[PDB]
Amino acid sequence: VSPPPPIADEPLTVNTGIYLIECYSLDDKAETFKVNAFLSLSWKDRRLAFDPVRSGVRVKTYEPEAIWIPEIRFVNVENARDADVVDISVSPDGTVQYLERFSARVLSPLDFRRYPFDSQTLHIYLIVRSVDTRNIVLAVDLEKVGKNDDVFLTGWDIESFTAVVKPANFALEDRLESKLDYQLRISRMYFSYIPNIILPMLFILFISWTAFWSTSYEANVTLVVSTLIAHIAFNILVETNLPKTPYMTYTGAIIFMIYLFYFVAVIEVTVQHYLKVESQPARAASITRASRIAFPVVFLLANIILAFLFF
């Protein structure tokens, strides 16, 4: 069960290929996704070569135990992949054609800074560690790389499954390692975003601005504070549908700015009343009348600035 010796002083290329059968369970929080696929490997072990005339067979089938197979692993997997050998076939030249069906919870990092308009690149990193007797490098057989059309990620759009053909060969713990990058590109499709999240949140915010057409401090306090409780309650409602990140996101910025417009509104309401009370009613009414065009315009600009900064 030794590796195949070299003809000359060359490494062994193992011709890889992942075919996605069923991609599912993307955990935006944990930055994981479970995948169920085919892994196809191919190398040349001349020890296993045969004359198809004497053998009377075109292709000899082997058990994993019977022949030498390279130790292929995944870099960013949670635990060991649940792989099951489908077929091992040796052509007369000694070309081994290996196939296995596996399933693994992959760990690719996610970027929600542009949420819900963010797009991702999910990584599946294939490694192989060079042995003492001979060095091993990974190749990409593009014919054996693809994805099933049924493969779905609800709320996403599966764009492309490609692979960086060039391996990232490097040194590790005194041995050569050959790494390959398999990239799954998914772009978000949150259709019900503006009616589920933005629209009711803008309604609750606009309700507060009716305090610029009112003069009752008691009515204005109710308007601005009560809508503020409504805003918070609504955020607890859409808490589920929102990115729980240590960094500021696009949607997250909008929401923040909204809490600020509640604060500024309160200040107005308080000032209008203080001026009214301090017998400066002309200034009081001037402000409430200005706020009527000021608050909507400033909101619109600040939101245009935001969108520009994130995109």
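Numbering starts at 1 and follows the sequence shown.
- Set 277-285 against 261-269 and average the Cα temperature factors; 277-285 ends up higher.
- Averaged over Cα atoms, the B-factor as recorded in the entry is higher for 36-44 than for the other of 36-44 and 239-247.
- Within the listed group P116, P200, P167, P109, the record reports its top CA B-factor for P167.
- Remark: of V225, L126, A104, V140, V140 shows the highest value [criterion: C-alpha B-factor in the PDB entry].
- In the PDB entry, a CA B factor belonging to the lowest third of its chain's modelled residues is recorded for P195.
- Split the chain's modelled residues into thirds by C-alpha temperature factor. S89 is in the highest one.
- For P11, the recorded CA temperature factor ranks within the highest third of the chain's modelled residues.
- Sorting the modelled residues of the chain by their CA temperature factor places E173 in the highest third.
- Among all modelled residues in this chain, the alpha-carbon of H231 has a temperature factor (C-alpha) in the lowest third.
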